[PDB]
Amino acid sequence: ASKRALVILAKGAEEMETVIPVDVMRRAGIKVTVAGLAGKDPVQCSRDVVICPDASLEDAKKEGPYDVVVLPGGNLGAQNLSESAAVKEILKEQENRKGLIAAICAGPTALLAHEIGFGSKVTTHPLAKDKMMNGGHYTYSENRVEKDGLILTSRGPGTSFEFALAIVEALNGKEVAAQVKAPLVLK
């Protein structure tokens, strides 16, 4: 069967970090659900792009489990993810079932908020490093994409393609990732 991705979309999400992985994952034949944290209403992203989610998180959570849960960045978006009890539950369940969690930019700070994957080597946006490292619960990396088992992290809008292709490789393999990559005109 096809793999399934849940992308959690909150007000203030970085729209490039949301759209690039959604699009690339769909190119890879992954069934992606864009789930609105606050409900099924349009979401105003960090640079004012307005995205209509496929479903509310409340509804999407009922259609699990997912092979990857994806957390976009954006400072304010990540803060919303970090404050959400629903997100905490989803990430705990995903970690418990040994499913992939992928977070980019400020997104990984939601892992810290929900005590997910402590001990992992992680990266974040440079400006989110101090927040992520509060308490020393992770080991920091400057790699553009970092993967430590089932915790996959990345740095910013400019690493979003690498991040998305790493998700594709983890779910559908190296060959599919290479096939999806070529028409993008990367490098």
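Start at 1 and count along the sequence shown; that's the residue number.
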Quiz item: Which wins on mean Cα temperature factor, 147-155 or 37-45?
Solution: 37-45
Exercise. Read off the CA B-factors in the entry, average them over 60-68 and over 135-143, and name the higher stretch.
Key: 60-68
Self-check item: Residue of maximum C-alpha B factor among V122, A128, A55, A28, per deposited coordinates
Solution: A55
Practice problem: Give the position of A177 by CA B-factor within its chain, expressed as the lowest, middle or highest third. | Solution: middle
Exercise. Taking the chain's C-alpha temperature factors as the reference, tell me which third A1 falls into: lowest, middle or highest.
Key: highest
Quiz item: Mind checking which third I90 falls in for C-alpha B-factor across the chain?
Solution: highest
Exercise. Check where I116 lands among this chain's C-alpha B-factors and tell me if it's the lowest, middle or highest third.
Key: middle
Practice problem: Determine, from the deposited record, the chain-internal third of the Cα B-factor for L171: lowest, middle or highest. | Solution: highest
